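Chains as they are written, first to last, in PDB author numbering: chain C, 1 to 138; chain D, 2 to 138; chain A, -5 to 138; chain B, -5 to 138. These notes concern the structure reproduced below.
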Amino acid sequence: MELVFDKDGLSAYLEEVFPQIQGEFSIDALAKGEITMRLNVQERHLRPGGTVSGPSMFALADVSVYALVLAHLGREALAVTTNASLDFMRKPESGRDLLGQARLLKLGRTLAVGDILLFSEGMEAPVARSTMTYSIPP
Amino acid sequence: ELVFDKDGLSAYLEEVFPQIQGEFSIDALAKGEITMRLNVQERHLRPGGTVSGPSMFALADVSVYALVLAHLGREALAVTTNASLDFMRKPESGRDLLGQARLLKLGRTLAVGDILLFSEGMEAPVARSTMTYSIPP
Amino acid sequence: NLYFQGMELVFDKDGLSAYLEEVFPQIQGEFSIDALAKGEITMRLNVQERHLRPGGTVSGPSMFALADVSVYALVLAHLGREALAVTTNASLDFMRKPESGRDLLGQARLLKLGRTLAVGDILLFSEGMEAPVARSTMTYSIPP
Amino acid sequence: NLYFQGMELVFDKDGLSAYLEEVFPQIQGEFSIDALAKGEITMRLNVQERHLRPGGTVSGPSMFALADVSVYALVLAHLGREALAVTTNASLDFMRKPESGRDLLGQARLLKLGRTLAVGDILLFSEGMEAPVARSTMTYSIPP
């Protein structure tokens, strides 16, 4: 499993793939089995003293592992979320970006599985973890 | 025993979630079951669009959270600790999503509920989910 | 009460009981089918076969075992002999301590039976106690 | 070197082994601790103790067994004797078949040790095989 995409290309293709969510998600780092996606909490426009929601944390987890699955499979690969689990461990720090450190554990003929830790930037103890499973059609 | 009624609960959710807005409404509330609707008009999706994974997540979470509040009242500050979602079928574009949630445990410190998500009109569920929340003192 | 595509059984209860003891000789004595319907199965774990000390209760691995055998059996009830469902995911929530000295019942339902993936869920009960001790979701890969 | 609040161990490796064999007499011969650190444990499942048939591999409930005793052992390593961690949720993803005739290793890490809840995750390998056979998350309730 070597990448068929670089950080810049994949960021471009993601904006093409899902243009609805423009300026919410950005790649900090990309590597053969690892990605760090960033959720820009300025885009959320929460009231002061507010924190990223459960759904936005889901979104971050889902986009990170999906980006990584695409990273290897390419533009053709039509991968689909089949399962998602999320454990919510610590309240995120208000006003801080959320970072998703995602690794790919399986990329098989029919099924990919990645997991992910989520951090409020600056805080080293993770706010959440998640596993995401996808199916890969023909 | 429930401490909220459908409108009491619907009201308290608008209060607590003004972000929710016109997104979620309660079709039915009973002692251990709730049917919550995700009003897909409020999504303002492209034609041929379907409720996203995060939105299904949100429906599952609010449904079980509502049912927890339905029994515990304002007092309980219940917090989501675990969520899982299985995505089984593609929702039918243009329909509301319905969430049939049942509370399986309402403990001193932990609540568990699961949920079947349906595209309105389609009988086979599109997703299912379990949600666990911890209850402070 | 629930609809899914692929509801038809190709086994009856006794033919399924027989096929499970064939494919799994270890299950004979521990797991038996109480009921089988198009959407649903009730499987029994015979608590005596576990030879637990008095006051002792069924383990998490054993509950896992019950939850997984139940949904697997329902998938096979629909797909037949030449179908090789492989477990890909399992989740389990433990809600109450099983009642010591009683069989454990798993009431599974099949929520999906697709081309490549089968999904089902299950509530575990100490027989005769109405509050479920546990709940689970099992998912299986169906290959060619 | 992942960070979490409450990293200090109150047991050392041999000490924790003693305590686990004491509190789980059935575990003796099956599970052993290869390594303990503040944030991680390696537990071994002794494949010989399963007396598996030819070319047969470790069952899912045994893999659940390893994942639960690994994370539970690591939580005990921090909270000590007087603490009663009680499993509340478990998830497992099965990714590859184990290698037949090799022990199974669970490399667990602790992600949270709170007032009421503890969370850890684990990767399962056939020993000497780089690709992990299974991943799991375990959550435990801590009473007062």
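Every residue gets a Cβ at the ideal spot worked out from N, C-alpha and C, and that includes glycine.
* **Beta-carbon separation (whole angstroms), residue 82 of chain A vs residue 111 of chain C, contact threshold 8 Å** => 6 Å
* To do: On a CA-only basis, which of A/130, A/5, A/86 is nearest residue 27 of chain A? Give me that one, please.
  => Of the candidates A/130, A/5, A/86, the one whose C-alpha sits nearest the C-alpha of residue 27 of chain A is A/5.
* Asked: What alpha helix (DSSP H) runs, 4 residues minimum, are completely inside the segment 34 to 119 of chain C?
  -> Listed in chain order, the alpha helix (DSSP H) runs fully inside the segment 34 to 119 of chain C are 41 to 44, 54 to 73, counting runs of at least 4 residues.
* Which first and last residues belong to the alpha helix (DSSP H) in which residue 13 of chain B is found? -> In the DSSP assignment, residue 13 of chain B falls within the unbroken alpha helix (DSSP H) covering 7 to 17.
* **Rounded distance between the beta-carbons of residue 122 of chain B and residue 88 of chain B, thought under 8 Å** => Not quite, the Cβ-Cβ distance comes to about 19 Å (not below 8 Å), so this is no contact.
* **Interface flag, residue 26 of chain C vs chain B, CB-CB below 7 Å** => Chain B contact via Cβ: absent.
* Work out the CA separation of residue 95 of chain C and residue 42 of chain C for me, nearest whole Å. => 8 Å
* Out of C/137, C/76, C/120, C/61, state which residue places its alpha-carbon closest to the alpha-carbon of residue 102 of chain C. => C/61
* In angstroms with no decimal places, state the Cα-to-Cα distance between residue 86 of chain D and residue 75 of chain B. => Spanning the two alpha carbons is a distance of roughly 36 Å.
* **Pick from C/136, C/84, C/128, C/93 that is closest to residue 48 of chain C, judged by C-alpha positions** => C/93
* Sequence-distant residues of the same chain with beta carbon closer than 6 Å to residue 15 of chain A, five excluded per side -> 22
* **residue 137 of chain D to residue 51 of chain A span [Cα, whole Å]** => 29 Å
* Asked: By a C-beta neighbour count over all protein chains shown, 10 Å radius and 16 as the cutoff for buried, is residue 114 of chain C buried or exposed?
  -> With at least 16 other beta carbons inside 10 angstroms of its own, residue 114 of chain C counts as buried.
* **Cβ-based contacts, 8 Å cut-off: residues of the segment 69 to 93 of chain D near chain B** => 82, 83, 85
* **8 Å contact criterion, which residue 25 of chain A and residue 37 of chain A should meet: CB distance rounded** => 6 Å
* Asked: Does the Cβ of residue 134 of chain D have 16 or more other Cβ atoms within 10 Å, making it buried, or fewer, making it exposed?
  -> buried
* Proximity to residue 30 of chain B [Cα-Cα], best of B/77, B/1, B/126 -> B/1
* **residue -3 of chain B - containing beta strand (DSSP E), residue span** => Element bounds for residue -3 of chain B: n/a, residue is neither H nor E.
* **Residue nearest to residue 129 of chain A in terms of C-alpha spacing, selected from D/119, D/106, D/125** => Of the candidates D/119, D/106, D/125, the one whose C-alpha sits nearest the C-alpha of residue 129 of chain A is D/106.
* To do: Would you mind telling me which residues of chain B sit closer than 7 Å to residue 6 of chain A, beta carbon to beta carbon, in chain order?
  => Within chain B, no residue comes near residue 6 of chain A; the closest Cβ sits about 27 Å away, beyond 7 Å.
* With 7 Å as the limit, tell me which residues of the segment 42 to 55 of chain C have their beta carbon closer than that to any beta carbon of chain D; keep them in chain order. => 54, 55
* With a CB to CB cut of under 8 Å and the five nearest residues on each side skipped, what residues in its chain are close to residue 71 of chain C? -> 3, 4, 5, 10, 30, 35
* Cβ of residue 105 of chain A less than 7 Å from any chain D Cβ? -> yes
* Short-range partners of chain B found in the segment 106 to 117 of chain C, where Cβ spacing is below 9 Å -> 106, 108, 111, 113, 115, 117
* Asked: How about residue 58 of chain D: is its C-beta nearer than 7 Å to some C-beta of chain C?
  -> By this cut-off, residue 58 of chain D is an interface position.
* **Endpoints, beta strand (DSSP E) assigned at residue 27 of chain D** => Where residue 27 of chain D is concerned, the enclosing beta strand (DSSP E) stretches over 25 to 31.
* Asked: Near residue 84 of chain C, what residues of its chain come up, given a Cβ to Cβ distance below 6 Å and the 5 sequence neighbours on each side ignored?
  -> 132
* Does residue 62 of chain B come within less than 7 Å of chain A when only Cβ atoms are used? -> yes
* Cα-Cα separation, residue 57 of chain C to residue 46 of chain B -> 43 Å
* So is residue 8 of chain D buried or exposed if we call it buried at 16+ other beta carbons inside 10 Å? -> exposed
* Exposure of residue 108 of chain D, with buried meaning 16 or more beta-carbon neighbours within 10 Å -> When all chains shown are included, residue 108 of chain D counts as exposed.
* Backbone CA spacing between residue 40 of chain D and residue 124 of chain D [nearest angstrom] -> Rounded to whole angstroms, residue 40 of chain D to residue 124 of chain D spans 18 Å at the Cα level.
* Asked: Do we get a CB-CB distance below 7 Å when we pair residue -2 of chain A with the residues of chain D?
  -> yes
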